[PDB]
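Q: This is structure_26.csv, which holds CSV, C-alpha atoms:
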```csv
chain,number,residue,atom,x,y,z
A,1,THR,CA,21.7,140.2,-1.7
A,2,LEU,CA,24.4,142.2,-3.5
A,3,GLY,CA,26.6,139.2,-4.0
A,4,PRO,CA,27.7,135.8,-2.7
A,5,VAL,CA,29.4,135.5,0.7
A,6,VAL,CA,28.9,132.0,2.0
A,7,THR,CA,28.7,129.7,-1.1
A,8,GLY,CA,28.3,126.0,-2.1
A,9,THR,CA,30.1,124.5,-5.0
A,10,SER,CA,28.9,122.3,-7.9
A,11,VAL,CA,26.0,119.7,-7.8
A,12,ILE,CA,25.6,116.8,-10.2
A,13,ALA,CA,22.3,115.1,-11.0
A,14,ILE,CA,21.8,112.1,-13.4
A,15,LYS,CA,19.1,109.7,-14.5
A,16,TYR,CA,19.6,105.9,-14.1
A,17,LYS,CA,17.4,102.9,-14.4
A,18,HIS,CA,15.7,103.4,-11.0
A,19,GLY,CA,15.4,107.2,-10.9
A,20,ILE,CA,17.5,110.2,-10.1
A,21,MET,CA,21.0,110.2,-8.4
A,22,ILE,CA,22.1,113.6,-7.2
A,23,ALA,CA,25.4,114.3,-5.5
A,24,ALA,CA,27.0,117.3,-3.8
A,25,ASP,CA,29.8,117.9,-1.3
A,26,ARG,CA,28.8,119.0,2.2
A,27,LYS,CA,30.9,122.2,2.2
A,28,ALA,CA,30.1,125.9,2.3
A,29,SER,CA,32.9,128.4,1.9
A,30,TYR,CA,33.1,131.9,3.3
A,31,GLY,CA,35.5,133.0,0.5
A,32,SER,CA,38.7,131.0,0.6
A,33,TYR,CA,37.8,130.0,4.2
A,34,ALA,CA,36.1,126.6,4.4
A,35,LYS,CA,34.1,127.6,7.4
A,36,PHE,CA,31.3,124.9,7.2
A,37,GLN,CA,32.2,121.3,6.4
A,38,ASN,CA,28.9,119.5,7.1
A,39,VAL,CA,26.4,121.6,5.2
A,40,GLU,CA,23.3,120.1,3.5
A,41,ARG,CA,22.9,121.3,-0.1
A,42,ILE,CA,20.2,118.9,-1.3
A,43,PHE,CA,16.7,119.3,0.0
A,44,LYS,CA,13.6,117.2,-0.3
A,45,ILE,CA,10.5,119.1,-1.6
A,46,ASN,CA,8.2,116.1,-1.5
A,47,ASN,CA,8.3,112.4,-2.0
A,48,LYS,CA,9.3,112.7,-5.6
A,49,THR,CA,11.2,115.9,-5.9
A,50,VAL,CA,14.6,117.2,-4.7
A,51,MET,CA,16.4,120.6,-5.0
A,52,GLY,CA,20.1,121.1,-5.2
A,53,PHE,CA,21.9,124.5,-5.2
A,54,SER,CA,25.2,126.0,-5.9
A,55,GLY,CA,25.8,129.6,-4.8
A,56,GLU,CA,24.7,131.7,-1.8
A,57,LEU,CA,23.5,129.6,1.1
A,58,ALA,CA,21.1,132.4,2.3
A,59,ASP,CA,19.3,132.5,-1.0
A,60,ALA,CA,19.2,128.7,-1.3
A,61,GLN,CA,17.6,128.6,2.2
A,62,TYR,CA,15.1,131.3,1.2
A,63,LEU,CA,14.1,129.2,-1.9
A,64,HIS,CA,14.0,126.0,0.2
A,65,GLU,CA,11.5,127.6,2.6
A,66,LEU,CA,9.4,128.8,-0.3
A,67,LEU,CA,9.3,125.3,-1.7
A,68,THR,CA,8.5,123.8,1.7
A,69,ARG,CA,5.5,125.9,2.1
A,70,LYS,CA,4.4,125.4,-1.4
A,71,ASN,CA,4.5,121.6,-0.8
A,72,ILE,CA,2.6,122.0,2.5
A,73,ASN,CA,-0.2,123.9,0.7
A,74,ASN,CA,-0.3,121.3,-2.0
A,75,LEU,CA,-0.6,118.5,0.6
A,76,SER,CA,-3.4,120.5,2.4
A,77,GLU,CA,-5.4,120.7,-0.8
A,78,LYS,CA,-4.6,117.1,-2.0
A,79,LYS,CA,-7.4,114.6,-2.4
A,80,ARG,CA,-5.6,112.0,-4.5
A,81,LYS,CA,-2.0,111.2,-5.3
A,82,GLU,CA,-2.4,112.7,-8.7
A,83,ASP,CA,-2.9,116.1,-7.0
A,84,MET,CA,0.7,116.2,-5.8
A,85,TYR,CA,2.9,118.7,-7.7
A,86,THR,CA,5.5,117.4,-10.1
A,87,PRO,CA,9.2,118.2,-10.5
A,88,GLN,CA,8.2,119.9,-13.8
A,89,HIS,CA,5.8,122.1,-11.8
A,90,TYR,CA,8.4,123.0,-9.2
A,91,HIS,CA,10.9,123.7,-12.0
A,92,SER,CA,8.4,126.1,-13.6
A,93,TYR,CA,7.8,127.8,-10.3
A,94,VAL,CA,11.5,128.3,-9.6
A,95,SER,CA,12.1,129.6,-13.2
A,96,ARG,CA,9.3,132.1,-12.8
A,97,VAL,CA,10.7,133.3,-9.4
A,98,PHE,CA,14.2,133.8,-11.0
A,99,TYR,CA,12.7,135.6,-14.0
A,100,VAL,CA,10.8,138.0,-11.9
A,101,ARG,CA,13.8,138.7,-9.7
A,102,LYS,CA,15.9,139.3,-12.8
A,103,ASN,CA,13.3,141.8,-14.0
A,104,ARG,CA,13.6,143.6,-10.6
A,105,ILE,CA,17.4,143.2,-10.7
A,106,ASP,CA,17.2,141.6,-7.3
A,107,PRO,CA,18.5,138.1,-8.1
A,108,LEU,CA,19.1,135.0,-6.1
A,109,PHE,CA,22.8,134.3,-6.4
A,110,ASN,CA,22.2,130.6,-7.2
A,111,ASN,CA,22.1,127.9,-9.8
A,112,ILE,CA,19.3,125.4,-9.0
A,113,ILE,CA,18.7,121.8,-10.0
A,114,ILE,CA,15.1,120.5,-9.6
A,115,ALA,CA,15.1,116.7,-10.0
A,116,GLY,CA,12.6,113.9,-9.4
A,117,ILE,CA,10.0,111.6,-10.8
A,118,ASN,CA,7.4,113.0,-13.1
A,119,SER,CA,4.9,110.2,-12.7
A,120,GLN,CA,2.5,108.6,-10.1
A,121,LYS,CA,2.2,105.1,-11.7
A,122,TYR,CA,5.2,103.5,-10.0
A,123,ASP,CA,4.2,103.5,-6.3
A,124,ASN,CA,1.6,104.6,-3.8
A,125,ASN,CA,3.9,106.8,-1.7
A,126,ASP,CA,1.7,109.8,-2.1
A,127,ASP,CA,-1.5,108.0,-0.9
A,128,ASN,CA,-0.5,108.7,2.7
A,129,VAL,CA,2.2,111.4,3.0
A,130,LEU,CA,4.3,111.5,6.2
A,131,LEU,CA,6.3,114.7,6.7
A,132,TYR,CA,7.9,114.2,10.1
A,133,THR,CA,8.5,110.4,10.1
A,134,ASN,CA,10.5,108.6,7.4
A,135,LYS,CA,9.4,105.0,7.3
A,136,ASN,CA,12.3,104.2,4.9
A,137,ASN,CA,14.8,104.3,7.7
A,138,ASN,CA,11.0,96.3,5.0
A,139,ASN,CA,13.0,96.4,1.8
A,140,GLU,CA,11.3,95.7,-1.6
A,141,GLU,CA,12.9,95.8,-5.0
A,142,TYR,CA,13.3,99.1,-6.8
A,143,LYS,CA,11.1,99.8,-9.9
A,144,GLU,CA,12.6,100.3,-13.3
A,145,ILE,CA,11.3,103.8,-14.1
A,146,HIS,CA,11.2,104.9,-17.7
A,147,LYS,CA,13.6,107.7,-18.6
A,148,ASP,CA,10.7,109.8,-20.0
A,149,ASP,CA,9.0,109.6,-16.6
A,150,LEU,CA,12.0,111.2,-14.9
A,151,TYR,CA,12.9,114.9,-14.7
A,152,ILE,CA,16.0,116.9,-14.1
A,153,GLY,CA,15.9,120.6,-14.7
A,154,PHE,CA,18.3,123.5,-14.4
A,155,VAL,CA,17.7,127.2,-13.5
A,156,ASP,CA,20.3,129.9,-13.5
A,157,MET,CA,20.6,133.4,-12.2
A,158,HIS,CA,19.1,135.0,-15.3
A,159,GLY,CA,16.2,132.6,-15.3
A,160,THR,CA,17.6,130.5,-18.1
A,161,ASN,CA,16.1,127.1,-17.6
A,162,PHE,CA,16.0,123.7,-19.3
A,163,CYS,CA,16.1,120.0,-18.7
A,164,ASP,CA,18.2,117.0,-19.7
A,165,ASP,CA,19.2,113.5,-18.8
A,166,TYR,CA,22.0,114.9,-16.6
A,167,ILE,CA,22.5,118.4,-15.1
A,168,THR,CA,25.5,120.0,-13.5
A,169,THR,CA,26.2,123.3,-11.7
A,170,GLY,CA,29.5,125.1,-10.8
A,171,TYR,CA,32.7,123.5,-11.9
A,172,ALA,CA,31.0,120.2,-12.5
A,173,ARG,CA,29.6,122.0,-15.5
A,174,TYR,CA,33.1,121.6,-17.0
A,175,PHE,CA,34.6,118.5,-15.5
A,176,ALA,CA,31.6,116.3,-14.7
A,177,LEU,CA,29.9,117.6,-17.8
A,178,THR,CA,32.7,116.5,-20.1
A,179,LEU,CA,32.8,113.1,-18.4
A,180,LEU,CA,29.0,112.7,-18.7
A,181,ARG,CA,28.8,113.8,-22.3
A,182,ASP,CA,31.5,111.1,-23.0
A,183,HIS,CA,30.4,108.2,-20.8
A,184,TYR,CA,26.8,108.6,-19.7
A,185,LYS,CA,24.4,106.0,-21.0
A,186,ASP,CA,20.7,105.1,-20.5
A,187,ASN,CA,19.5,102.7,-17.9
A,188,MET,CA,22.7,102.6,-15.8
A,189,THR,CA,22.5,100.5,-12.7
A,190,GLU,CA,23.0,102.1,-9.3
A,191,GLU,CA,26.6,101.0,-8.9
A,192,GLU,CA,27.5,102.2,-12.4
A,193,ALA,CA,25.8,105.6,-11.8
A,194,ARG,CA,27.7,105.9,-8.5
A,195,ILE,CA,31.0,105.1,-10.1
A,196,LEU,CA,30.5,107.7,-12.8
A,197,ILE,CA,29.5,110.3,-10.2
A,198,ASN,CA,32.5,109.3,-8.0
A,199,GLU,CA,34.9,109.8,-10.9
A,200,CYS,CA,33.4,113.3,-11.5
A,201,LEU,CA,33.6,114.2,-7.9
A,202,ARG,CA,37.2,113.0,-7.6
A,203,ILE,CA,38.2,115.2,-10.6
A,204,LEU,CA,36.3,118.1,-9.0
A,205,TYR,CA,38.1,117.5,-5.7
A,206,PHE,CA,41.4,117.6,-7.5
A,207,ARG,CA,40.8,120.6,-9.7
A,208,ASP,CA,38.4,122.8,-7.7
A,209,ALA,CA,39.5,124.7,-4.7
A,210,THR,CA,36.0,125.1,-3.2
A,211,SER,CA,35.1,121.4,-3.1
A,212,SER,CA,35.6,118.6,-0.6
A,213,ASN,CA,35.5,114.9,-0.7
A,214,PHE,CA,32.8,114.6,2.0
A,215,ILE,CA,29.9,113.7,-0.3
A,216,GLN,CA,26.1,113.5,0.0
A,217,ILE,CA,24.2,111.3,-2.4
A,218,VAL,CA,20.5,111.4,-2.7
A,219,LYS,CA,18.4,108.9,-4.7
A,220,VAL,CA,14.9,109.6,-5.9
A,221,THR,CA,13.3,106.3,-6.8
A,222,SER,CA,10.1,104.3,-6.4
A,223,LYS,CA,11.1,103.9,-2.7
A,224,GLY,CA,10.9,107.7,-2.4
A,225,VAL,CA,13.7,110.1,-1.5
A,226,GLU,CA,16.6,108.5,0.2
A,227,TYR,CA,19.7,110.2,1.7
A,228,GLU,CA,22.7,108.0,1.8
A,229,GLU,CA,25.2,108.0,4.6
A,230,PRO,CA,27.8,110.7,3.8
A,231,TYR,CA,31.1,109.3,2.9
A,232,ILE,CA,34.7,110.4,2.3
A,233,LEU,CA,35.7,109.9,-1.3
A,234,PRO,CA,39.2,108.3,-1.6
A,235,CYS,CA,41.3,110.6,-3.7
A,236,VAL,CA,44.9,109.6,-4.5
A,237,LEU,CA,47.2,111.4,-6.9
A,238,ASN,CA,47.5,109.8,-10.3
A,239,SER,CA,51.3,110.3,-10.9
A,240,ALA,CA,54.5,109.6,-9.0
A,241,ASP,CA,56.1,112.6,-10.6
A,242,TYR,CA,54.1,114.7,-8.1
A,243,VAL,CA,55.7,112.8,-5.2
A,244,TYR,CA,59.2,112.8,-6.6
A,245,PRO,CA,61.4,114.8,-4.2
A,246,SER,CA,62.5,118.2,-5.4
A,247,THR,CA,66.1,117.7,-4.3
A,248,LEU,CA,66.3,114.8,-6.8
A,249,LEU,CA,65.8,117.2,-9.7
A,250,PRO,CA,68.7,119.2,-11.1
A,251,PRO,CA,69.7,122.1,-8.8
A,252,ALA,CA,70.1,124.5,-11.7
A,253,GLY,CA,67.3,126.2,-13.6
A,254,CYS,CA,63.5,126.6,-13.0
A,255,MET,CA,62.9,122.9,-12.2
A,256,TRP,CA,60.0,123.7,-9.8
B,1,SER,CA,106.1,152.0,-40.1
B,2,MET,CA,107.2,153.0,-36.6
B,3,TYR,CA,104.5,151.3,-34.5
B,4,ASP,CA,103.7,147.9,-36.2
B,5,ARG,CA,105.3,146.3,-33.1
B,6,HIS,CA,103.8,148.8,-30.6
B,7,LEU,CA,100.1,148.3,-31.7
B,8,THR,CA,98.1,145.2,-32.7
B,9,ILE,CA,98.4,146.2,-36.4
B,10,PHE,CA,99.9,143.9,-39.0
B,11,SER,CA,103.6,144.0,-39.8
B,12,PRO,CA,104.7,143.9,-43.5
B,13,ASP,CA,105.1,140.1,-43.1
B,14,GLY,CA,101.6,139.8,-41.8
B,15,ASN,CA,102.4,139.3,-38.1
B,16,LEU,CA,101.0,140.8,-34.9
B,17,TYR,CA,104.0,141.2,-32.7
B,18,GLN,CA,102.2,142.3,-29.6
B,19,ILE,CA,100.5,138.9,-29.3
B,20,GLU,CA,103.9,137.2,-29.6
B,21,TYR,CA,105.3,139.5,-26.9
B,22,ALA,CA,102.3,138.7,-24.6
B,23,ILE,CA,103.0,135.0,-25.2
B,24,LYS,CA,106.7,135.7,-24.3
B,25,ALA,CA,105.5,137.5,-21.1
B,26,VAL,CA,103.5,134.4,-20.1
B,27,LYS,CA,106.5,132.2,-20.9
B,28,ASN,CA,108.7,134.4,-18.7
B,29,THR,CA,106.8,133.7,-15.5
B,30,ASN,CA,108.6,130.4,-15.2
B,31,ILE,CA,105.4,128.7,-13.9
B,32,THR,CA,104.5,125.3,-15.2
B,33,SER,CA,101.1,123.7,-15.3
B,34,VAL,CA,100.2,120.3,-16.6
B,35,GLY,CA,96.7,119.0,-17.4
B,36,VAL,CA,95.9,115.4,-18.1
B,37,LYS,CA,92.7,113.7,-19.1
B,38,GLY,CA,91.6,110.2,-18.1
B,39,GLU,CA,88.7,107.9,-19.0
B,40,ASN,CA,86.2,109.5,-16.5
B,41,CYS,CA,88.5,112.1,-14.8
B,42,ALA,CA,90.6,115.1,-15.5
B,43,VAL,CA,93.5,116.4,-13.4
B,44,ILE,CA,95.4,119.7,-13.4
B,45,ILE,CA,98.7,120.0,-11.5
B,46,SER,CA,100.5,123.2,-11.0
B,47,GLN,CA,103.4,124.7,-8.9
B,48,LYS,CA,102.6,126.6,-5.7
B,49,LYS,CA,105.2,129.1,-6.9
B,50,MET,CA,105.2,132.9,-7.3
B,51,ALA,CA,105.5,134.0,-10.9
B,52,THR,CA,108.8,135.7,-11.4
B,53,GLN,CA,108.3,139.4,-11.5
B,54,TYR,CA,109.7,142.6,-10.0
B,55,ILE,CA,109.2,141.4,-6.4
B,56,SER,CA,110.8,138.2,-5.1
B,57,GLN,CA,109.7,135.5,-2.6
B,58,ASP,CA,110.0,136.8,1.0
B,59,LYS,CA,110.6,134.7,4.1
B,60,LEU,CA,107.3,136.0,5.7
B,61,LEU,CA,105.2,135.3,2.6
B,62,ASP,CA,102.3,132.9,3.2
B,63,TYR,CA,103.0,130.0,0.8
B,64,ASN,CA,99.6,128.4,1.2
B,65,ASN,CA,98.1,131.5,-0.5
B,66,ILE,CA,100.3,131.1,-3.5
B,67,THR,CA,98.2,129.3,-6.1
B,68,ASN,CA,97.7,129.2,-9.9
B,69,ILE,CA,94.5,127.1,-9.7
B,70,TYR,CA,91.0,128.4,-9.3
B,71,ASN,CA,87.4,127.4,-9.2
B,72,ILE,CA,85.3,129.0,-12.0
B,73,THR,CA,82.2,127.2,-10.8
B,74,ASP,CA,81.6,124.3,-8.5
B,75,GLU,CA,82.2,121.8,-11.3
B,76,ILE,CA,84.6,123.7,-13.6
B,77,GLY,CA,88.2,124.5,-12.6
B,78,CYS,CA,91.2,126.2,-14.2
B,79,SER,CA,94.9,126.9,-13.9
B,80,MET,CA,96.1,130.3,-15.1
B,81,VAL,CA,99.7,131.2,-15.8
B,82,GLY,CA,101.0,134.7,-16.6
B,83,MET,CA,101.1,138.1,-15.1
B,84,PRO,CA,99.2,137.7,-11.7
B,85,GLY,CA,97.0,140.7,-12.2
B,86,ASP,CA,96.0,139.4,-15.7
B,87,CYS,CA,95.4,136.0,-14.3
B,88,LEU,CA,93.0,137.3,-11.6
B,89,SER,CA,91.3,139.5,-14.2
B,90,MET,CA,90.8,136.5,-16.5
B,91,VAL,CA,89.5,134.4,-13.6
B,92,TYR,CA,86.9,137.0,-12.7
B,93,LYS,CA,85.9,137.3,-16.4
B,94,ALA,CA,85.4,133.5,-16.6
B,95,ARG,CA,83.4,133.4,-13.4
B,96,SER,CA,81.1,136.2,-14.6
B,97,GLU,CA,80.7,134.4,-18.0
B,98,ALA,CA,79.8,131.2,-16.3
B,99,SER,CA,77.3,132.9,-14.0
B,100,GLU,CA,75.7,134.8,-16.9
B,101,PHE,CA,75.4,131.6,-18.9
B,102,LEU,CA,73.8,129.8,-16.0
B,103,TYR,CA,71.2,132.6,-15.4
B,104,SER,CA,70.4,133.0,-19.1
B,105,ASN,CA,70.2,129.3,-20.1
B,106,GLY,CA,69.0,127.6,-16.9
B,107,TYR,CA,71.9,125.1,-16.9
B,108,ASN,CA,75.6,125.1,-16.2
B,109,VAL,CA,78.1,126.0,-18.9
B,110,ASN,CA,80.6,123.3,-19.9
B,111,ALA,CA,84.4,123.8,-20.2
B,112,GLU,CA,84.4,123.9,-24.0
B,113,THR,CA,81.8,126.7,-24.2
B,114,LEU,CA,83.5,128.6,-21.4
B,115,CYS,CA,86.9,128.5,-23.1
B,116,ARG,CA,85.4,129.5,-26.4
B,117,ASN,CA,83.6,132.5,-24.8
B,118,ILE,CA,86.8,133.6,-23.1
B,119,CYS,CA,88.7,133.4,-26.4
B,120,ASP,CA,85.9,135.5,-28.1
B,121,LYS,CA,86.6,138.1,-25.4
B,122,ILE,CA,90.3,137.9,-26.0
B,123,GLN,CA,89.9,138.5,-29.8
B,124,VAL,CA,88.6,142.0,-29.0
```
Please, can you express the file's structure as structure tokens?

A:
Amino acid sequence: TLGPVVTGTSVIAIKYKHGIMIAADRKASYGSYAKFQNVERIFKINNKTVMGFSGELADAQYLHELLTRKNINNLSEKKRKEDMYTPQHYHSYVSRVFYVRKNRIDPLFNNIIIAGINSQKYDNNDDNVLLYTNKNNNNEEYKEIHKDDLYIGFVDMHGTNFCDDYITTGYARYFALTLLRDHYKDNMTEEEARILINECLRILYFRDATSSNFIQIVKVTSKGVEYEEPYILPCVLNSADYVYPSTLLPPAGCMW
Amino acid sequence: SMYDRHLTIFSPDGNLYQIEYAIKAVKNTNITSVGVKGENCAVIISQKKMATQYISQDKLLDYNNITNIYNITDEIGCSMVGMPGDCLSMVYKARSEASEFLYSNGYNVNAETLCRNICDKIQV
């Protein structure tokens, strides 16, 4: 891969009282051409781990296949739920991949978020793993997971990697990151987390040309990994001066 | 000297006689214009008459074309009295001044500023 051709825009992941909430719009752009409008940019690695990407779709798919086979081998060798790999383990794996490809100067044109639950003490989902049937889609309360038991990690093109209570890629790394550094707080409820993420996505939709308002939300919780029904974000302009007709401005000068 | 009344140089009494002669030339056209100002309106009335000059008023002359009133812009108007060539020249100068002001400043010149710029040109 010499460079990006078909690309996805920012991803946002945050911690809240019940786990991880990760959001991305379902759009992949072939330049300035929004060719694909229903693309999946968040993938499930196992019952406690998800991967989001921003950048080249081909490299993201390559990494997704690598992680899928890594999970299958882990499951083959598993004897107890403690044997399942953790989000930290997958983050280390992806960071090593990126570092080696940097050394070869054959990078993946991507920024990756690896998020999930770093513990096995909140459920028995990994006692019997189902890969081809999702029993989730029969409702019990969510479990309040400790912040220290959750994991969000970032990897970039040069192999730079770290973790935090919230991670952003793309233009989120400016807009959503400012909003999160201002307003994020610990143990947010699901509705509060969704409201914060929706504000960030609305600002991104208004100020980023490669984004859409068709949003995919994924929750990693004690119930496992849940994909929400994709929804259209309502995005209205915040000023009537935008809508004011141009013919009502003075006809002389550079009023535009 | 022998040219204090031929050129715009001071006469011994401190006068510039060429300016007085130009004023007399304007006065000799026998064209009258009256401008009045209201509370929210201004009106200029003038004669649709040909300024007296070497030529006279012919029977086949188009009398609608005879006018001493002009538009400098859409919102600024004038009435010019004097030698007709000079009046046309002044009208064109004022129009170019207004257009240059509009382009340079992003808004339309007002009558006071236009008149003052015209007088600055006349001083030369």

Q: So that I can check the surroundings of segment 38-51 of chain B, please list as a VMD selection string every protein, DNA and RNA residue that reaches within 12 Å of it, counting all atoms listed in the file and ignoring chain neighbours fewer than 2 positions away.

A: chain B and resid 25 to 36 53 to 58 61 to 71 75 to 87 111

Q: With C-alpha atoms retained, export the selected residues as a PDB file, in the frame of the given file.

A:
```pdb
ATOM      1  CA  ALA B  25     105.500 137.500 -21.100  1.00  0.00           C
ATOM      2  CA  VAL B  26     103.500 134.400 -20.100  1.00  0.00           C
ATOM      3  CA  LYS B  27     106.500 132.200 -20.900  1.00  0.00           C
ATOM      4  CA  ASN B  28     108.700 134.400 -18.700  1.00  0.00           C
ATOM      5  CA  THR B  29     106.800 133.700 -15.500  1.00  0.00           C
ATOM      6  CA  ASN B  30     108.600 130.400 -15.200  1.00  0.00           C
ATOM      7  CA  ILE B  31     105.400 128.700 -13.900  1.00  0.00           C
ATOM      8  CA  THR B  32     104.500 125.300 -15.200  1.00  0.00           C
ATOM      9  CA  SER B  33     101.100 123.700 -15.300  1.00  0.00           C
ATOM     10  CA  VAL B  34     100.200 120.300 -16.600  1.00  0.00           C
ATOM     11  CA  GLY B  35      96.700 119.000 -17.400  1.00  0.00           C
ATOM     12  CA  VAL B  36      95.900 115.400 -18.100  1.00  0.00           C
ATOM     13  CA  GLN B  53     108.300 139.400 -11.500  1.00  0.00           C
ATOM     14  CA  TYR B  54     109.700 142.600 -10.000  1.00  0.00           C
ATOM     15  CA  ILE B  55     109.200 141.400  -6.400  1.00  0.00           C
ATOM     16  CA  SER B  56     110.800 138.200  -5.100  1.00  0.00           C
ATOM     17  CA  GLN B  57     109.700 135.500  -2.600  1.00  0.00           C
ATOM     18  CA  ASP B  58     110.000 136.800   1.000  1.00  0.00           C
ATOM     19  CA  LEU B  61     105.200 135.300   2.600  1.00  0.00           C
ATOM     20  CA  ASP B  62     102.300 132.900   3.200  1.00  0.00           C
ATOM     21  CA  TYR B  63     103.000 130.000   0.800  1.00  0.00           C
ATOM     22  CA  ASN B  64      99.600 128.400   1.200  1.00  0.00           C
ATOM     23  CA  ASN B  65      98.100 131.500  -0.500  1.00  0.00           C
ATOM     24  CA  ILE B  66     100.300 131.100  -3.500  1.00  0.00           C
ATOM     25  CA  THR B  67      98.200 129.300  -6.100  1.00  0.00           C
ATOM     26  CA  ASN B  68      97.700 129.200  -9.900  1.00  0.00           C
ATOM     27  CA  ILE B  69      94.500 127.100  -9.700  1.00  0.00           C
ATOM     28  CA  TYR B  70      91.000 128.400  -9.300  1.00  0.00           C
ATOM     29  CA  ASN B  71      87.400 127.400  -9.200  1.00  0.00           C
ATOM     30  CA  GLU B  75      82.200 121.800 -11.300  1.00  0.00           C
ATOM     31  CA  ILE B  76      84.600 123.700 -13.600  1.00  0.00           C
ATOM     32  CA  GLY B  77      88.200 124.500 -12.600  1.00  0.00           C
ATOM     33  CA  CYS B  78      91.200 126.200 -14.200  1.00  0.00           C
ATOM     34  CA  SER B  79      94.900 126.900 -13.900  1.00  0.00           C
ATOM     35  CA  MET B  80      96.100 130.300 -15.100  1.00  0.00           C
ATOM     36  CA  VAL B  81      99.700 131.200 -15.800  1.00  0.00           C
ATOM     37  CA  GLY B  82     101.000 134.700 -16.600  1.00  0.00           C
ATOM     38  CA  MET B  83     101.100 138.100 -15.100  1.00  0.00           C
ATOM     39  CA  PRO B  84      99.200 137.700 -11.700  1.00  0.00           C
ATOM     40  CA  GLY B  85      97.000 140.700 -12.200  1.00  0.00           C
ATOM     41  CA  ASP B  86      96.000 139.400 -15.700  1.00  0.00           C
ATOM     42  CA  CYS B  87      95.400 136.000 -14.300  1.00  0.00           C
ATOM     43  CA  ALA B 111      84.400 123.800 -20.200  1.00  0.00           C
TER      44      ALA B 111
END
```

Q: Between atom CA of residue 117 of chain B and atom CA of residue 96 of chain B, measure the distance and give it in Å to one decimal.

A: 11.1 Å

Q: For the atom pair atom CA of residue 46 of chain A and atom CA of residue 10 of chain A, what is the interatomic distance in Å to one decimal place?

A: 22.5 Å

Q: Measure the distance from atom CA of residue 99 of chain A to atom CA of residue 174 of chain A in Å and round it to one decimal.

A: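 Between these atoms lies a distance of 24.9 Å.
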
Q: Out of A:252, A:210, A:182, A:111, which residue has the shortest atom-to-atom distance to chain B when counting only C-alpha atoms?

A: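 Once distances to chain B are computed over only C-alpha atoms, the minimum belongs to A:252.
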
Q: Do me a favour and pick out the residues of chain B within 9 Å of chain A, using only C-alpha atoms, as a ChimeraX atom specification.

A: /B:102-103,105-108

Q: With all atoms listed in the file as the counted atoms, please give the residues lying no more than 9 Å from residue 94 of chain B, apart from itself and same-chain residues fewer than 5 positions off, as a list in words.

A: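 So, after excluding close chain neighbours, the residues are residues 72, 89, 99, 114, 115, 117 and 118 of chain B.
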
Q: Near residue 44 of chain A, counting only C-alpha atoms, which residues have an atom at most 12 Å away, once you skip same-chain residues fewer than 2 positions from it, shown as a PDB file with C-alpha atoms, in the frame of the given file?

A:
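What landed in part.pdb:
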```pdb
ATOM      1  CA  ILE A  22      22.100 113.600  -7.200  1.00  0.00           C
ATOM      2  CA  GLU A  40      23.300 120.100   3.500  1.00  0.00           C
ATOM      3  CA  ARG A  41      22.900 121.300  -0.100  1.00  0.00           C
ATOM      4  CA  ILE A  42      20.200 118.900  -1.300  1.00  0.00           C
ATOM      5  CA  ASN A  46       8.200 116.100  -1.500  1.00  0.00           C
ATOM      6  CA  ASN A  47       8.300 112.400  -2.000  1.00  0.00           C
ATOM      7  CA  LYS A  48       9.300 112.700  -5.600  1.00  0.00           C
ATOM      8  CA  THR A  49      11.200 115.900  -5.900  1.00  0.00           C
ATOM      9  CA  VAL A  50      14.600 117.200  -4.700  1.00  0.00           C
ATOM     10  CA  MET A  51      16.400 120.600  -5.000  1.00  0.00           C
ATOM     11  CA  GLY A  52      20.100 121.100  -5.200  1.00  0.00           C
ATOM     12  CA  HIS A  64      14.000 126.000   0.200  1.00  0.00           C
ATOM     13  CA  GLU A  65      11.500 127.600   2.600  1.00  0.00           C
ATOM     14  CA  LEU A  67       9.300 125.300  -1.700  1.00  0.00           C
ATOM     15  CA  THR A  68       8.500 123.800   1.700  1.00  0.00           C
ATOM     16  CA  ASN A  71       4.500 121.600  -0.800  1.00  0.00           C
ATOM     17  CA  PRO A  87       9.200 118.200 -10.500  1.00  0.00           C
ATOM     18  CA  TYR A  90       8.400 123.000  -9.200  1.00  0.00           C
ATOM     19  CA  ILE A 113      18.700 121.800 -10.000  1.00  0.00           C
ATOM     20  CA  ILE A 114      15.100 120.500  -9.600  1.00  0.00           C
ATOM     21  CA  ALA A 115      15.100 116.700 -10.000  1.00  0.00           C
ATOM     22  CA  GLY A 116      12.600 113.900  -9.400  1.00  0.00           C
ATOM     23  CA  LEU A 131       6.300 114.700   6.700  1.00  0.00           C
ATOM     24  CA  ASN A 134      10.500 108.600   7.400  1.00  0.00           C
ATOM     25  CA  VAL A 218      20.500 111.400  -2.700  1.00  0.00           C
ATOM     26  CA  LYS A 219      18.400 108.900  -4.700  1.00  0.00           C
ATOM     27  CA  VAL A 220      14.900 109.600  -5.900  1.00  0.00           C
ATOM     28  CA  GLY A 224      10.900 107.700  -2.400  1.00  0.00           C
ATOM     29  CA  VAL A 225      13.700 110.100  -1.500  1.00  0.00           C
ATOM     30  CA  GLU A 226      16.600 108.500   0.200  1.00  0.00           C
ATOM     31  CA  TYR A 227      19.700 110.200   1.700  1.00  0.00           C
TER      32      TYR A 227
END
```

Q: Tell me which protein, DNA and RNA residues are within 10 Å of residue 158 of chain A, counting all atoms listed in the file, leaving out same-chain ones fewer than 6 positions away, and put them as a VMD selection string.

A: chain A and resid 95 98 to 103 105 107 to 111
